[PDB]
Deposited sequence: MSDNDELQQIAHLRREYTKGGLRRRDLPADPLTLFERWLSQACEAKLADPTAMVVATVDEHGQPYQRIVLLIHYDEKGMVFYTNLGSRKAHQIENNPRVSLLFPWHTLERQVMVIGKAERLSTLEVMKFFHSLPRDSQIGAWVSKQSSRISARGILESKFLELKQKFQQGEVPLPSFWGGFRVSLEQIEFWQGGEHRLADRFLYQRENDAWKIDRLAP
């Protein structure tokens, strides 16, 4: 039901190890759409725009979702590929955020149906803790390694 503590001693070398654990625990607890994430894109004037897409696939190169290539988000990524993704796992007192560049997948990802992979430049993990004081760890990709920091909730 409830899972308690996120300490720097429990952290895996690969942030995706933590993601995968959390992702599967979300499916285990039958959350609606455990693969659902909110994509933030930015338009030509600096306006952020948001919508929910599904995580189809992930690995160390990126996180993958599909969308229409004529869609509003598709156009925005063309002008500016900087995006954020967030998994709203607040039902289990959790967030996960990914900062990266969205890059169109190739045609052979198997007309106007398309796919994007967001690089892993940052991955933040948020988990709700004792005395309503959350555990926050940010992985920042640097020099083919991850710099990890506790952040104040």
| item | value |
| --- | --- |
| Unmodelled intervals of the deposited chain, in order | 1-16, 127-175 |
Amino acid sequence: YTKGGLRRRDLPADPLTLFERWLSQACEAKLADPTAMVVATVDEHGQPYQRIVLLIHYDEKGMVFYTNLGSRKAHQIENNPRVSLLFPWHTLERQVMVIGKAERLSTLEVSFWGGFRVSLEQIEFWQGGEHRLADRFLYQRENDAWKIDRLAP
From here on, numbers count along this sequence of modelled residues.
{"query": "82-90 versus 54-62 - which carries the larger mean C-alpha B factor in the record", "finding": "54-62"}
{"query": "Greater mean Cα temperature factor according to the PDB record, 45-53 or 100-108", "finding": "100-108"}
{"query": "Out of 40, 29, 37, 123, residue topping the C-alpha B-factor column of the entry", "finding": "29"}
{"query": "Residue 127, C-alpha B-factor rank within chain (lowest, middle or highest third)", "finding": "lowest"}
{"query": "Entry-reported Cα temperature factor of residue 143, expressed as the chain third it lands in", "finding": "highest"}
{"query": "Lowest, middle or highest third - CA B-factor, residue 68", "finding": "highest"}
{"query": "Third of the chain, ranked by Cα B-factor, where residue 16 sits", "finding": "lowest"}
